[PDB]
Amino acid sequence: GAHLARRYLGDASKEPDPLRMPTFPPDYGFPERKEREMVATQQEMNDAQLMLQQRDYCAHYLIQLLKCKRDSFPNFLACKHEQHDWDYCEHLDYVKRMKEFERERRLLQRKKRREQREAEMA
Amino acid sequence: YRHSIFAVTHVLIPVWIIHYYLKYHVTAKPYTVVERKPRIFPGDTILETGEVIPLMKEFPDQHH
Amino acid sequence: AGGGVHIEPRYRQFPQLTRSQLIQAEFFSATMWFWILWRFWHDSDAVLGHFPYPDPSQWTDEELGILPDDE
Amino acid sequence: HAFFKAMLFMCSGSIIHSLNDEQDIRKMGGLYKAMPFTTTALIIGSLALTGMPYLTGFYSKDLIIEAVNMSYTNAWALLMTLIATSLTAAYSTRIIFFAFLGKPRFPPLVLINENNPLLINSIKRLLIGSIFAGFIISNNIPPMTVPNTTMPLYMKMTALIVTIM
Amino acid sequence: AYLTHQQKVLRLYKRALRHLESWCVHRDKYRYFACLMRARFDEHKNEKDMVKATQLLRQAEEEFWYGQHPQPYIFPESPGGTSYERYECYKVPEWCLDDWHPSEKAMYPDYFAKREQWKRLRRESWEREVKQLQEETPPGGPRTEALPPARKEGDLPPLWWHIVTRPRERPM
Amino acid sequence: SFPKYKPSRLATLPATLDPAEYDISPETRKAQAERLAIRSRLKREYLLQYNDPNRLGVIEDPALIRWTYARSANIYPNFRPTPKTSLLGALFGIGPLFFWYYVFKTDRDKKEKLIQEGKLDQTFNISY
Amino acid sequence: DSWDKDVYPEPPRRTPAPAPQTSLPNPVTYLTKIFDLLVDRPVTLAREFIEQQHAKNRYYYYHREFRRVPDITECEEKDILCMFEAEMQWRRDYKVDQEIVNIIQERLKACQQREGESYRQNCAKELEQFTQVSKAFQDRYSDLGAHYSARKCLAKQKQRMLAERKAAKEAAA
Amino acid sequence: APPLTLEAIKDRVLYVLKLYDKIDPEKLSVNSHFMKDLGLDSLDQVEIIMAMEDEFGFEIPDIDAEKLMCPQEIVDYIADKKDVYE
Amino acid sequence: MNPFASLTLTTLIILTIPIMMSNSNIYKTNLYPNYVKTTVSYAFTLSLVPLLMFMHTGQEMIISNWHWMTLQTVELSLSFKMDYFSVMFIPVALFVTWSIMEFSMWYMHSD
Amino acid sequence: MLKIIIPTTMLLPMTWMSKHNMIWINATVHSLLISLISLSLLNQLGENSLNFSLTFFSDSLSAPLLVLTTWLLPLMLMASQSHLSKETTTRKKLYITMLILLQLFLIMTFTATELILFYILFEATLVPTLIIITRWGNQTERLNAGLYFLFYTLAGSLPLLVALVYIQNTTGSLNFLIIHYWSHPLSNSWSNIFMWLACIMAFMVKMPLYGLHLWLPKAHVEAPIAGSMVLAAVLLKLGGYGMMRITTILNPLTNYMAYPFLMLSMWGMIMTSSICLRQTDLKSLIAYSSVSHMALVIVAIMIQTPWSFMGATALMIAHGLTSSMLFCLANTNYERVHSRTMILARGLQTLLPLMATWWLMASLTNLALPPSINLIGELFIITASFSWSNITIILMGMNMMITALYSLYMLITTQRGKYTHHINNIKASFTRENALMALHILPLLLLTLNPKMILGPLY
Amino acid sequence: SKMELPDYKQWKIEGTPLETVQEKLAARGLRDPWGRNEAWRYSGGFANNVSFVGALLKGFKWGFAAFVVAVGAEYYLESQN
């Protein structure tokens, strides 16, 4: 919404392009940026036969969700802390994307006016 | 009793002749019935071989 | 007409209402009532979110790691 | 949708049978007290289509509005969805007003009745369906897509509010 | 024949008020508006020379033509109604009874007994009524579809059978 | 009474907005006397057989046989080689066949031109 | 089973043995148990009658054999005897080749359900195996026409073999 | 629909015609000529006939609406409309 | 796999039995509406069980038994794929029709 | 095949010296027995056609048509019983002789070995139908009907004769087995085009094809009912059986000159189906329907794909059972009402319960509900045509939609609605025409169970 | 079985919102004679219908009572356990 206004009714280059960004090396600006690591191995996703869109980094919690659920039968009112870890993982992973969105945003913000500063000093 | 005669002459004698049909004639043909592999858990065990699939290490445990 | 008429219609007056259709009616609306406040009290974190939405602006350039603007 | 859409269908039909095979709203009215069981049934189902929290419509319609909003669509795709929710609710309130509220714009012979046992029992199982099913099924079905956790608040609450004006 | 001047306005006034109750919906609101238009209808009840009322016709008929509801309340048995021409799938012509196997006719014995005398009643009546209708009709045929009465002695109304043996409106 | 409804071929002028409704001339109202008379006898003769118990089977409907005979037989005897008829004959004749001839020929030529050097999607097609 | 895994390879089946830590006992376990001993038991002994009756009088049926005859390539023009033999031999080989495509599709389809949502990564081997068979089938019998015959296929085989011969010399350069 | 017989219909129309404030109860008759016995005008005749329109539910053709004069033949008209005999 | 797929086959044939009895003209046309009630309600009753193992282990399969056409390379056979969508829709559909025609017995009776 | 030929010709003496009242019983029972004997012809090997004799052979294409003819013959026998009661015995036996002679020529036509022998009995069917159409017709126009039907078929028949005898002098034989086995590519020389042409319009004039179809509405709507079924059910298909035969040698010419007939047909059924929707006579619709259904067959044969040939065979047999049913259905209404106007007798469900069903799936088979063999033939044509050209789909898909449009239209305008009160002669539906429809419909669903027997030799 | 027709004396404009219709028309020298036909609908048991919020409020009184003792029961486990 707000970023939509800053691109459509504002400057498109100022806002990140959702289908193109990021456009800067993530290691650039973070010397020794540690890799977002995997908890559930390839065979974990493979043996669980998880679907691709839910085979993200949070899938390590997701397999735990089903396994309490597949063992909570009969009951369905159990299985609460399992998602509490999962949606929080998706909550923080969405923040990671959001942080990457703002990272590229202020990446575009900084360099454009830095180049504008060069355009001003010449 | 009417419910009972309903079951035998409309439900009970069916479940016999479908069961007779597929578990002796249909399953006797290859790939007639194919069942997906259940989601075997690293951490759970296999019933026939007794092999417990090794589970992954500690989760991030990001308790809210 | 034929034997079996029991519900007797009226003419411009409020019709008779057997208690059975009433008592279940407010019972069902009560049943559909107390279900959602019990669900509300038990799981208020369902209709409304359970995980906060951090504001974008408050994020400083540390996790953003934007190298300084002057250079 | 199959639950409550059907659920209001024979409830409307129960009104039609009781009120001498009439369909126009402009001849309904005053049926709240005189049509008790159907009145509750239609009242619930009218905004059950809109799906108040913790209902068949809640776990589907409210999530649908957020899901399209929390995704990559054309600018007008979302706006029709909120327009849908508002416009659907507006006449969802309308048909109650003409049917039960107001005054009985119906012929003087007061035949209006719903004492038939099959009438009550057929709809009765659809009260428990149209209200309980969304909760039980939602916890009975594992999620298929990534849940929408970090969300900028308003585009979820918008689905609930666009229903009430 | 031709629709008379005060007859045409009665037709237009008919559905115009049905349009009004379609618009007003509420009974009291309709009653208030129906009486207001009643006096409006009575505003120029006088017409004197017929040419003035023809112009008054044009404005009046133009009013009620636009006065239609977009979806006027058509009754279930109204032409185009929900229950209109609904049970025609059940009514069957009376002559089909003669095309019944004797078993069915015998298992409905009293009805076919009174059907037989009704069939007999059709015979002499048709005989008497046709020699009644031919001379009751003046030269040049029938000037109108109105059909002459059974004004003779011991005579049935001419051209009655299909009217009397009409498929009852509730065939069930 | 408002901006008036314009009559159309598939939705004609109503019985209200028609000028003849309020423009009833002495001869126009006079016309609705003999058309009623012929309808009266026409309705009469139908009743003299429809209500006739002696009559059995089906009575002839002159208009229906007039419609069928004119819709089936009397078109060629009334047909003329009029240039207009030949014009509509031509554009609805060889026209559409040449339309679909070119379309399918162009499609086939455009389709065929890539088969001989392997530029189509045919790998999973061994049925024809 | 009558069929063997060399013809129809069935991926091995594992059973994730449960662990119902929940207070309520599982409803499925005895629901399948009752279904077992109120329906299966009557039909098991009934089948035992059927299997034992088959053993009482077991007749025999064999498999029809076909002695190979000279091919259309070695057959004679305008000679209706030999080339008819090659014609029928070619048609039978077509029917067998049709069924080879059937089996590999059956094996491929069986793979997809076996791997479930992992069909994309765990069915590539069966897919490519069918792919090369289908490609070989396309240059084999496809495009011949409704009036296909041994001579018509031989012309197609010769046309393909001369095209690649010209291509091979072109590749030699 | 219950077997609505003419006796119910006959009572309803005369009651409504008595209910009609311009056809007073004491001056209402079974054969009430609206033009002569009751002295109403054409528009009131429309109001009378379309009052029983909504009051009875069924439809009165316009070519039969203006003809229908008296409550007795109002009763007979609805009598032949459904074909009541009891 | 002994339940579930077999149970679905039982559910979809018991609904045909009313038609088979109807065309056999041995059924009684009077209580047939009520006879239809019992069939649909029962067919719904056996529709719940195929859910139970899907909640339990989530197994899904395809039933293809009687081969109709060989059509050279493309064999044709009657085949039902029971997945998440099909499995839990049958009780939803079965419950709906049982209730709506339960209402329709009182409503649709004057014909 | 003389195990079918000899009993069939033996029907002539038996039907010609039977009793004055047993001619119907005797002819019906033994014709059905011939059908049962003909059912044994369903057996086919992998690809070898059953070569019973030098002059007779059959395969998976001839036998389904063979059974169709033999199974059909009792159906006009029972259909004609209605309107042939008011006739002398000698003339009645003459009618039976024409039908049996028509059957006998049909079996020899399908079982023929070489093309010339096939051609002789093929055309020979014109004579029995010419007498049937003209002598026993109903209206003045039937005289113009016979000439239109005769000359149209003959005008295309004679060029084929010249081409056929030309085959014998060039190839050396006209036997189908040798022609296919000694098949040689046909050059594109300007003479060879006419050579290709002369072997085509003979088959497509009686298909019928768009443009060259006017005899179809002028005969089927106008022939006696018994002649109407055999004309629509089988006689049109005589072009189909020939075209699968003659196409074995006429290659690769079909690639070029199929076009002028292809879109002539492709615009054809859509055009014809439009005429069906806007008819006024009952039998005129089914006649116009028959050419519309026959039109997709023309595309099926000409496109020369194995899938289309199977679709051609299935649609061929399915249409025969259908078109016979609707023509029988129209005859039932025409008899009581003594006319064939569509809206003359609308709304007869209230008086004709079983007929309204016999309307119902007969039209539904005309709509081709799944999995009726009509679609199995129709869908196979679609896949073959789509593989030929993608843009094909819109046309005949639109056609089978306008096909759907009318195929309920007479159902609405004959059964749905209110009876005509002046009509009072619709009596109780006699079991004869009633059971006639049963014998029409049950084989359709029976063949639906195991269609694998009617896809022809390409299956 | 009774099909009885009640008294007309109870059904004129009184006891109904038809007061205003009777006088507002009477303000412009008019009379409303058909309000008595709709007097029963605007009176008797058919009058005084609950509001829309009150329409959904039906069953709240017992629903609220069931709700509070249910969450009181909810507090029961977290205290007793």
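Residues numbered from 1 in each chain as written, not as in the entry; some residues may be left out. Chains lettered and ligands numbered in written order. Part of a larger assembly, values for the part shown. Heavy atoms only, no water.

- Per the PDB record, the structure was determined using cryo-EM to 3.5 Å resolution.

**Considerations on the overall build of chain G**
Line of reasoning, step 1. Helices and strands together make up the secondary structure of chain G, namely 5 helices and 0 strands.
Line of reasoning, step 2. Of the regular secondary structure in chain G, the N- to C-terminal order runs α-α-α-α-α.
Line of reasoning, step 3. Here the C-alpha radius of gyration of chain G, 26 Å, is well above what a compact globule of 173 residues would show, namely 16 Å.
Line of reasoning, step 4. Seen through its principal axes, chain G has C-alpha atoms that stretch 80 × 55 × 25 Å.
Line of reasoning, step 5. In chain G, buried positions account for 35% of the 173 residues. (Helix = DSSP H or I, 4+ residues; strand = E, 2+ residues; numbered from the N terminus. Rg over C-alpha atoms; globule rule 2.2 N^0.38 Å. Buried < 20%, exposed > 50% of the residue type's maximum accessible area, 1.4 Å probe, protein only.)

**Section: the environment of G:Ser134**
Line of reasoning, step 1. Considering the arrangement of structural elements, one finds G:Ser134 in helix α4 (residues 124-140).
Line of reasoning, step 2. Sequence-wise, G:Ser134 and G:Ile100 are 34 residues apart; in three dimensions their C-alpha atoms are separated by 9.8 Å.
Line of reasoning, step 3. The residues touching G:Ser134, leaving out its near neighbours within four places in the chain, are F:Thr123, F:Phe124 and F:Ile126.
Line of reasoning, step 4. At 3.0 Å, the side chain of G:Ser134 forms a polar contact with the backbone oxygen of F:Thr123. (Contact = heavy atoms within 4.5 Å. Polar contact = N/O pair within 3.5 Å; in protein donor to acceptor, adjacent residues only side chain to side chain.)

**Focus: the packing of aromatic side chains**
Line of reasoning, step 1. Using the criterion set out here, one finds 80 aromatic pairs over all chains in the structure.
Line of reasoning, step 2. For the pair E:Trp118 and E:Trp160, a centre-to-centre distance of 5.8 Å together with 40° between the ring planes defines the contact as tilted. Linking E:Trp118 in helix α5 (residues 109-136) with E:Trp160 in the loop between α5 and α6 (161-164), this pair joins segments that are 42 residues apart in sequence.
Line of reasoning, step 3. Residue classification places E:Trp118 among the partly exposed positions, given a relative accessible area of 35%.
Line of reasoning, step 4. Its relative accessible area of 5% is what places E:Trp160 among the buried residues.
Line of reasoning, step 5. Considering the side-chain rings of F:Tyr76 and F:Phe79, the 5.8 Å spacing of their centres and the 15° angle between planes classify their relative orientation as stacked.
Line of reasoning, step 6. On the accessibility criterion, F:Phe79 (48% relative accessible area) is partly exposed.
Line of reasoning, step 7. Pairwise contacts between aromatic rings join J:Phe110, J:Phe118, J:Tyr119, J:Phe122, J:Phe203 and J:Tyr241 into one cluster.
Line of reasoning, step 8. The ring of E:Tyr87 carries the charged tip of E:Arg170 above its face, separated from the ring centre by 3.6 Å.
Line of reasoning, step 9. Directly above the ring of J:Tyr259 sits F:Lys105, whose terminal nitrogen or CZ lies 5.6 Å from the centroid. (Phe/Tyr/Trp six-rings, centres within 6.5 Å; stacked < 30°, edge-to-face > 60°. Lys NZ or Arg CZ within 6 Å of the ring centre and 35° of its normal.)

**Observations regarding the interface of chain J and chain G**
Line of reasoning, step 1. Listed per partner, the contact involves 15 residues of chain J and 13 residues of chain G.
Line of reasoning, step 2. Roughly 1,400 Å² of surface becomes buried between chain J and chain G when both sides are summed, with 59% attributable to carbon and sulfur atoms.
Line of reasoning, step 3. Linking chain J with chain G are 1 salt bridge.
Line of reasoning, step 4. A salt bridge links J:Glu47 to G:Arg91, with the shortest nitrogen-to-oxygen separation between them at 2.9 Å.
Line of reasoning, step 5. Listing elements by their share of the side of chain J that touches chain G, those giving two or more residues are α8 (176-181) and α17 (306-337) of chain J. (Buried area = accessible area lost by both parts, 1.4 Å probe. Salt bridge = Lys/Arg side-chain N within 4 Å of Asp/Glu carboxyl O.)

**Let's talk about the sheet that holds strand β1 (residues 61-69) of chain I**
Pairing between the strands of a sheet comes from backbone hydrogen bonds, and it takes one of two forms, parallel or antiparallel.
Line of reasoning, step 1. An order of β1(B)-β1(I)-β2(I) is seen for the 3 strands of this open sheet, with the pairing classed as antiparallel. At either end of the open sheet lies a strand with only one pairing partner, and these are β1 (33-35) of chain B together with β2 (76-82) of chain I. Pairwise comparison of adjacent strand axes, ignoring direction, gives a mean angle of 15° for this sheet. (Pairing = 2+ DSSP bridges. Axes fitted to C-alpha atoms, helices over the stretch in contact; angles between N-to-C directions.)

**Considerations on the interface of chain D and chain C**
Line of reasoning, step 1. The interface of chain D with chain C comprises 31 residues on the first partner and 31 residues on the second.
Line of reasoning, step 2. Here chain D and chain C share an interface that buries about 2,600 Å² over both sides, 76% of which is from carbon and sulfur atoms.
Line of reasoning, step 3. Our count for the chain D to chain C interface comes out at 0 salt bridges.
Line of reasoning, step 4. Secondary structure elements with two or more residues in the side of chain D that touches chain C: α2 (31-34), α3 (36-48), α4 (58-69), β1 (109-110), α6 (117-140) and α7 (154-161) of chain D.
Line of reasoning, step 5. Sheet topology places strand β1 (residues 10-11) of chain C next to β1(D); 2 bridges connect them, and they run antiparallel. Its bridge partner lying in β1(D), C:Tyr11 is registered against D:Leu109.

**Digging into the pattern of salt bridges**
Line of reasoning, step 1. Taken as a whole, this structure holds 70 salt bridges over all chains when the rule is applied.
Line of reasoning, step 2. Between E:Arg115 and E:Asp98 there is a salt bridge whose closest N-O contact spans 3.3 Å. One end of the pair, E:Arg115, is in helix α5; the other, E:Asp98, is in the loop between α3 (50-66) and α4 (102-106), with 17 residues separating them in the sequence.
Line of reasoning, step 3. Looking at E:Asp98, the relative accessible area reads 38%, which means it is partly exposed.
Line of reasoning, step 4. Two residues, G:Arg160 and G:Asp139, come together in a salt bridge whose shortest N-O distance is 3.3 Å. Of this pair, G:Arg160 sits in helix α5 (residues 150-172) while G:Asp139 sits in helix α4; the two residues are 21 residues apart in sequence, bridging distant segments of the chain.
Line of reasoning, step 5. Residue G:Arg160 is classed as partly exposed on the basis of its relative accessible area of 30%.

**Overview of the state of the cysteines**
Line of reasoning, step 1. Here the structure, examined in full by the defined rule, presents 1 disulfide over all chains.
Line of reasoning, step 2. Paired through a disulfide, G:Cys111 and G:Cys123 show a sulfur-sulfur distance of 2.0 Å. Handedness of the G:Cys111-G:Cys123 disulfide follows from its S-S torsion of about -120°: it is left-handed. Residue G:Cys111 is located in helix α2 (residues 80-115), and its partner G:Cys123 is located in the loop between α3 (119-122) and α4; the two are separated by 12 residues in the primary sequence. G:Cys123 matches G:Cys111 in its accessibility class, with the two residues each being buried.
Line of reasoning, step 3. With no disulfide of its own, E:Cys24 lies 11 Å from the sulfur of E:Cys35, the closest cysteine sulfur. (Disulfide = S-S within 2.5 Å.)

**With respect to the side chain of E:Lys91**
Line of reasoning, step 1. Along the chain, E:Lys91 falls in the loop between α3 and α4.
Line of reasoning, step 2. Using a relative accessible area of 12% as the deciding quantity, one classes E:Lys91 as buried.
Line of reasoning, step 3. A polar contact is formed between the side chain of E:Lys91 and the side chain of E:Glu88, at a distance of 3.2 Å.
Line of reasoning, step 4. Apart from the residues within four sequence positions on either side, E:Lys91 is in contact with E:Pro167, E:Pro171, J:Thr350 and J:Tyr419.

**Some remarks on the nonpolar core**
Line of reasoning, step 1. If you look at the biggest cluster of nonpolar residues, it comprises 187 residues, and the most contacted ones within it are J:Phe110, J:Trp196, J:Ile246 and J:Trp358.
Line of reasoning, step 2. Among the elements that take part in this core, α17(J) stands out by supplying 17 residues, more than any other.
Line of reasoning, step 3. Of all hydrophobic cores here, the second largest spans 72 residues; its members include D:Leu8, H:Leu19, H:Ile23 and H:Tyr77. (Core = buried A, V, L, I, M, F, W, Y, C linked by side-chain atoms within 4.5 Å.)

**Remarks on a nonpolar patch on the surface**
Line of reasoning, step 1. A cluster of nonpolar side chains, contributed by D:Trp76, D:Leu79, D:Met80, D:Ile83 and D:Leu87, occupies part of the molecular surface with about 490 Å² of accessible area.
Line of reasoning, step 2. The topology assignment puts D:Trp76 in helix α5 (residues 75-99). (Patch = residues over 30% accessible without salt bridge, like charges linked within 9 Å, V, L, I, M, F, W, Y side chains within 5 Å. Areas by Shrake-Rupley, 256 points an atom, 1.4 Å probe, with all protein chains shown as cover.)

**Thoughts on helix α3 (residues 62-79) of chain J**
Line of reasoning, step 1. The first and last C-alpha atoms of α3(J) sit 26 Å apart over 18 residues, in line with the 26 Å expected at 1.5 Å per residue.
Line of reasoning, step 2. Most of α3(J) is tucked away: 17 of the 18 residues are buried. (Expected span 1.5 Å × (residues − 1).)

**Observations concerning the environment of J:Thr90**
Line of reasoning, step 1. Of note, J:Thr90 is situated in helix α4 (residues 89-110).
Line of reasoning, step 2. Residues J:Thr90 and J:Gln139, spaced 49 residues apart in sequence, show a C-alpha to C-alpha distance of 23 Å.

**Describing unusual backbone geometry**
Line of reasoning, step 1. Omega for the peptide link from A:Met21 to A:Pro22 comes to 5°, which places this bond in the cis form.
Line of reasoning, step 2. You can see A:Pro22 is positioned in the loop between α1 (2-7) and α2 (42-48).
Line of reasoning, step 3. Backbone torsion omega between J:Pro370 and J:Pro371 reads 0°, so that peptide bond is classified as cis.
Line of reasoning, step 4. Here J:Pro371 lies in the loop between α18 (353-367) and α19 (373-388).
Line of reasoning, step 5. Phi angles above zero are rare outside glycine, and D:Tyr54 is one such case at about 60°.
Line of reasoning, step 6. The residue D:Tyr54 is located in the loop between α3 and α4 in this model.
Line of reasoning, step 7. With phi around 65°, H:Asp83 is a residue other than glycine that occupies positive phi space.
Line of reasoning, step 8. Relative to the assigned elements, H:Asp83 resides in the segment after α4 (71-82).

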